[PDB]
Amino acid sequence: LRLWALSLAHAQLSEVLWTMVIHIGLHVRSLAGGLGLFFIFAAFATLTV
Amino acid sequence: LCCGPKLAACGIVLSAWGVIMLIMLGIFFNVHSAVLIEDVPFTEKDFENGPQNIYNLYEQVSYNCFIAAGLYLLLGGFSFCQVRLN
Amino acid sequence: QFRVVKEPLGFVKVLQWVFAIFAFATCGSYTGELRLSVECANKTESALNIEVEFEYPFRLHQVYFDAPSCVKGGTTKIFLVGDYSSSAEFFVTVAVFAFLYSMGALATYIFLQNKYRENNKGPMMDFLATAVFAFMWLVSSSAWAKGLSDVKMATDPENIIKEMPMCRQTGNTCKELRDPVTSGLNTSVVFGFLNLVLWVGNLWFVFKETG
Amino acid sequence: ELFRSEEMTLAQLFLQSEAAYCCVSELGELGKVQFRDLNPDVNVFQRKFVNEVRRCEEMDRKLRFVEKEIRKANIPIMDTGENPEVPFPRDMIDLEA
Amino acid sequence: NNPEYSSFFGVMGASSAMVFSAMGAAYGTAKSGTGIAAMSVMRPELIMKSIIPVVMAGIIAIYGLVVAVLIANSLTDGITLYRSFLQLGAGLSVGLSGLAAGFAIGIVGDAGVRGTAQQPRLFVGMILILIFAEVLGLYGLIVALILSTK
Amino acid sequence: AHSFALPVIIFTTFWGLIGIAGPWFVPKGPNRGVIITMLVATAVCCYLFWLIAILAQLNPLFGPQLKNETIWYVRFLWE
Amino acid sequence: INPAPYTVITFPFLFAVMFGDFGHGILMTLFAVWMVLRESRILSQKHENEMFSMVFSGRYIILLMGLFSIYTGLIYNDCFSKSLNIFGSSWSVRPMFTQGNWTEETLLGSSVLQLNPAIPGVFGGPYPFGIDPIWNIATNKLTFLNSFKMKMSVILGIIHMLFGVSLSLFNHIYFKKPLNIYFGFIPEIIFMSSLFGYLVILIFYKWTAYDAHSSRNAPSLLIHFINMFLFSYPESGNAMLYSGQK
C-alpha cells in the first residue's frame, strides 16, 4: 500500500499547492492581475522545481 | 558581456514555459467559460439574475492573462538579448 | 505564369477556396428564433409571448426558457435537449485548418511555381493532404446530416410540450406561434456536400496531373 | 529462451616471453581476456619485474613535473587523438632518457 | 444544542502539529550543521555537495504546512463534535511523527555525512537510509489525510 | 451518456494488436530479443492497468455530492 | 537468471505510478531530451558535478521514466489536480429538482447534498478514459479515491509476485534440480495463489456484483476477508457473494 500512499501524498500536496498559489491569485482588476501574476507564477515555478 | 548565459538560460526556459502555460490557461478561461471542472473560485457574492454576469466576469478573467503573457514575451526578449552578448 | 492559370488546377483550387470561405464563414454566424405561448385556463397567469434563440455552435443541450408555471403565480425553467456541437465544432475547426492550408497551398502555387515544378514531389504532399481533408469532409458531412435531422425532429414543439410537466392538466393549452426556420441548416449541408464532391474532383485531377 | 549470464572458461596459454611482450600488448588492445595470478605465495616485489615497475614510476614522475610546468605555461592541450600509437621498442627507454 | 468547548481541540491540534514538526526540524538542522562544521576542516570542497539532510528537514517542514493549511482551511466557527477530536488527533499524530522523523534524520545524517569525509564513495547509502527516515514522515502525512477524510 | 462495450472493445483490440504484432515486424538482429521482451511487457502492463482504470468507474456504489453554488452552476452548464 | 531486461521496464512504470502528474512528466522529458540531444556536447564536456555524472550515466532510464510518467498522467486524467473536458460528462445528473422532489433550499441552507444514483436519468455510463471529473470537483472524492487505488496497488503487487515466483522454476529448469521442485516450488505457488488469487478474484467479482439499488445492504470492501480468517460465520446479515462460498 506504500505505492498508493506516495501517489496519494503527491496528489494532495499538488492540490494544496494549487489552492495556495494559483487560487489566491484571482481578482477583478487587471492592473494587478496582469502584474502580480509574474511573481505568483515565479513562486509557483520555484516551489514545483 | 553583461548578464551572461549562465544566469539567463534559467530565465529563458522559465519565460518559455510561462508563456505557454499562461496562453493555454487564458484559452481555458475564455473558450470554456471557466467551467468549475477547471476553475472553481470566482470573485462576486450576488447572483440574483442569472449566468450572464458570471460569463462576463470569466471573460475579463481570461482577458487578464494576456497582460502577463505579453510580459513574459518581453522577459524572454530581454533574456535572449542578454544571451546574445558574448 | 498564365499557362498554369489557364490550367484547371489553379482555377479549381481558387474555386474551392471561395466556396469554403463562403460556407464556413456563413456557418460561423448563423442564428434564428422561434416563438411560443402557453395560454392556460386563467388569463391573468397565461403566457402570450415567449422567445427562444438558437445560434452557433448550436448547443441545444443547454438552451432553455423561463415561463410562468400558471400555478399560484409560479415560474419554472426548462432546458431543451440535443448536443450537436461535437460534429459541428469538429467540422468548423478543421474547416479553419483547411482554410489555412488552402492559403498556404495557394501561396505555393502562385509564388513558388519553381519549387512546385521541381521533382514533382510537393504535388504528392498536396495530394494526400487533400485526400485526408476529403475523407474528413465526407465523415463530417455524414455527421452533420445526422445532426441536422436530429435537430429537425428535436425543435418540433410537440417534443417540448410533451416535456412540459404541468401541461398534462386540463386548461393548459399551448400552441406554437412562430415555427423555426431551417434555411441555414439545409443550405450549409448543401454547401458541404458541394465542397466534398468538388474536392473529390480536385483529387482526381491531381491524380491525373502529377504524372 | 532468454539472456542469461554469458559463457567463459579457463584455458591455459603457452608463449615465448620475447613474443609475449607483443602478445600481451595485443591482448590488452583487444581488452577481451581476463588475467589472474598463478604465484600467490611470492611477494609482489619478489617477482623481479619491479625494475620495470619503478622505471615506469620515474617516467611517471618526470611527466608529472613537465605537466606542472605546462600548467604554469597555461598552454591548453588539443587532443589530436590517434589512440593506438603505442609501439613496442626498447627505444622508449632512451627516448624518455 | 451542542456542548461548549468545540474549537479548542481543533486549534490545539493545529498548534501542536507545527510545534512538534518545527522542533524535529530544529534538531535535524542542529545535527546537520554541527556535522558539516566537524568535517569541513580537511574536505573544504565537499561542503556544498554535503548539504543533504537540511533540505530533507525542510521537506518535513513543507509537510508541516500542507497539514497546517489543511487543518486551518477546514476550521470554521462551527463543528459537529466529530471534526474536533478528529483535528486534535491529526495534529498530535502529524506533529510528533515529524518530531521523530526529524530526530532520526538528523542524527543519522550527522553520523553519515561526517563519516563520508574520509571515504567518498560510501556517500550514497547515507541518502538511502536518510530518505527511508523521510518515508516515515510521508506515512505520518498519510494518516493525517485519511483522518481528515471523515 | 456513454457506452462501455464499445470503448473497452476498441481499446483492447488496439493494445492487443500492438502487442501481438510487435515481435513480428522487427527485422532480425541482436537487439531484437530485448526489444521484444520490453514491448510485450509494456503492452501487458499498460493493458491490465488500463483494464482496472476503465473498471474504476463501472457500476458505482455511491453518489457524489456538490456545493449549492455548484448546484446552480452545473444546472446551467452543459445539458 | 538475468532480471535486467525485464527491469528495463519494471523500474520506470513503478516510478510513474508513484509519480502521478502529467505536466511534471512533461518537464522531466524536456530535461531528458535536453540531455540526450546534447549527447556529444556532453561527452566533450567534463562532469565536474558528480551528481550530474550519475544523472547522465542513465539518461535512458530518465527518458523511460519521463515517458511512463506522461502515460500515467494521461490515464489518471489528472494534471496539477485538474482535469479537462475531453469526453462527455459521463454522469449527466440533470434531474435534481424534477424527478427527485426538490424545488429551492439553496444559498443559506442546503449548502452540500449527495445525489442518488438509483433514480433514473442521472447515470451517463462510465467515463471512457481515466477518472471521471466528478471526482475532481467532488469534496469527499478522497474517500473512494482511496479504496480503488488501494485495491489497484494490491493487484499490481500480486501480479508481480506471481511471475517473480515463476522465474525460480525457470532457474531450476536450467540447473536440472527436480529434488528442490517436487516438494518445493509447486507448494509455494499453491500457497501464494490460494490467498492472493482469492483476494483479486473477490475484488473483480465485488466490483460488478451489485448496484445502487442494493447499496445500503451490499457487502463491505475488506471485512469479509477478516471474517474468513476469524473462522466465525454468523448468519445475521450474511452478505452472500456466490452460492455456497462458505
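Using a Förster distance of 45 Å, how high is the FRET efficiency between C:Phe22 and A:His23, based on the Cβ-Cβ distance and rounded to 0.05?
The calculated FRET efficiency here is 0.50.
Across the residues of G:130-143, average count of Cβ atoms on other protein chains within 10 Å?
5
For chain C, what does -39500 (n - 2.57) per DSSP helix run (n ≥ 4), summed and divided by total residues, give at 222 nm, in deg cm²/dmol to the nearest 500?
It lands at -19000 deg cm²/dmol.
Check which residues have an amide H placed less than 5 Å from C:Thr76's amide H, if you skip close sequence neighbours.
C:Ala67, C:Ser69
To the nearest whole number, what is the average tally of beta carbon atoms from other chains within 10 Å of the beta carbons of peptide E:39-51?
Partner-chain Cβ atoms within 10 Å, mean over residues of E:39-51: 0.
Long-range amide H contacts for F:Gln65: which residues qualify at under 5 Å (H placed 1.01 Å from N, peptide plane, sequence gap of 5 or more or a different chain)?
G:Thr139, G:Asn140
For the Cα atoms of chain E, what angle does the longest principal axis make with the long axis of helix E:52-74, in degrees from 0 to 90, nearest 10?
The angle comes out at about 10 degrees.
First measure r as the distance between the Cβ atoms of G:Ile173 and C:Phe79, then evaluate 1/(1 + (r/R0)^6) with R0 = 56 Å and state the FRET efficiency to the nearest 0.05.
Efficiency computed from Cβ-Cβ geometry: 0.25.
Report D for chain B in µm² per second (integer): Stokes-Einstein, Kirkwood Rh on Cα pairs, 37 °C, 0.692 mPa s.
Answer, rounded: 221 µm²/s.
Top mean-square fluctuation among B:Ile37, B:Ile27, B:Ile67, Gaussian network model of chain B, C-alpha springs under 10 Å?
Of the options given, B:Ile37 has the highest mean-square fluctuation.
So which DSSP H runs in chain G come out at 15 Å plus along the axis (Cα) with average Kyte-Doolittle of at least -1.0?
Membrane-span-like by this rule: G:4-18, G:22-37, G:59-76, G:141-175, G:186-209.
Take each of the peptides C:62-70, E:94-102, average the number of other beta-carbon atoms within 10 Å over its residues, and list them starting from the highest.
So the order, starting with the most tightly packed, is E:94-102, C:62-70.
Please state the equivalent ellipsoid semi-axes for region C:1-67: what are the square roots of 5 times the Cα gyration tensor eigenvalues, largest first, in whole Å?
After scaling each eigenvalue by five and taking roots: 51, 10, 6 Å.
Using a 10 Å cut-off around each Cβ of peptide B:16-24, what is the average number of partner chain Cβ atoms that fall inside?
Mean number of neighbouring Cβ atoms from other chains: 2.
C:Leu177's amide H: which non-local residues (gap 5+, or another chain) put their own amide H closer than 5 Å, with H modeled 1.01 Å from N in plane and none for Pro or chain starts?
The list, which skips near neighbours in sequence, is C:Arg35, C:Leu36, C:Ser37.
In a GNM of chain B with a 10 Å cut-off on Cα contacts, which of B:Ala69, B:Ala16, B:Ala34 has the highest mean-square fluctuation?
B:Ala16
I need the peptides C:73-80, D:46-53 ranked by packing, meaning the mean over residues of other C-beta atoms within 10 angstrom, with the highest value on top.
By packing density, highest mean first, the sequence is C:73-80, D:46-53.
Relative to the longest principal axis of the C-alpha atoms of chain D, give the angle of the C-alpha long axis of helix D:50-73, reported between 0 and 90° and rounded to the nearest 10°.
Long axis of D:50-73 versus the principal axis of chain D: about 40 degrees.
Taking the Cα centre of each part, how many Å lie between chain A and region E:1-48?
24
Grab the beta carbon distance between D:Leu30 and G:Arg41, set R0 = 35 Å, and tell me the FRET efficiency rounded to 0.05.
That pair, D:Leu30 with G:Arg41, gives E of 0.70.
Rank E:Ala38, E:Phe20, E:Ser93 by how far each Cα sits towards the positive end of the charge dipole of chain E (+1 on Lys, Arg Cβ; -1 on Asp, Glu Cβ) and give me just the farthest.
Final value for the positive-end residue is E:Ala38.
Take the Cα gyration tensor of chain E, multiply each eigenvalue by 5, square-root it, and list the three semi-axes largest first, rounded to whole angstrom.
38, 13, 10
Please get the size of the charge dipole for chain B, origin at its Cα centre, with Cβ charges of +1 on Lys and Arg and -1 on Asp and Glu, quoted in debye to the nearest 20.
In debye, rounded to 20, chain B gives about 680.
Mind checking the angle between helix B:9-31 and chain B's longest principal axis? C-alpha axes, 0 to 90 degrees, to the nearest 10.
Computed tilt is about 20 degrees.
Gap in Å between the Cα centre of region F:32-79 and the Cα centre of region D:1-30?
With region D:1-30 and region F:32-79 each reduced to a Cα centre, they are spaced 57 Å.
Which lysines does C:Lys208 reach when only Cα atoms under 28 Å apart count, and residues fewer than 8 places away in its own chain are ignored?
Answer for C:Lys208, where 28 Å is the Cα cut-off: C:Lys6, C:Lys13, C:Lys115, C:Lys121, listed by chain and number.
Karplus couplings for region C:66-74 from phi (6.51 cos²θ - 1.76 cosθ + 1.60, θ = phi - 60°), rounded to Hz, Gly and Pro as x?
Karplus values, whole Hz, x for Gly and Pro: 10, 10, x, 6, 6, 10, 6, x, x.
Can you return the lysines within cross-link range of C:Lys77? Criterion is Cα-Cα under 18 Å, with same-chain partners fewer than 8 residues away left out.
Here the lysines satisfying the reach criterion relative to C:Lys77 are C:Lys162.
How many angstrom separate the Cα center of region C:181-201 from the Cα center of region G:215-235?
63
Using the Karplus curve 6.51 cos²θ - 1.76 cosθ + 1.60 with θ = phi - 60°, what ³J(HN,Hα) values do you get for each residue of region A:20-27, in whole Hz, with x for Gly and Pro?
6, 9, 6, 5, 5, x, 8, 8
For neighbour counting, all protein chains shown are included, and Cβ atoms are generated from backbone atoms with ideal geometry for every residue, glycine included. Just so you know, all these numbers are worked out from the coordinates, no wet-lab data involved.
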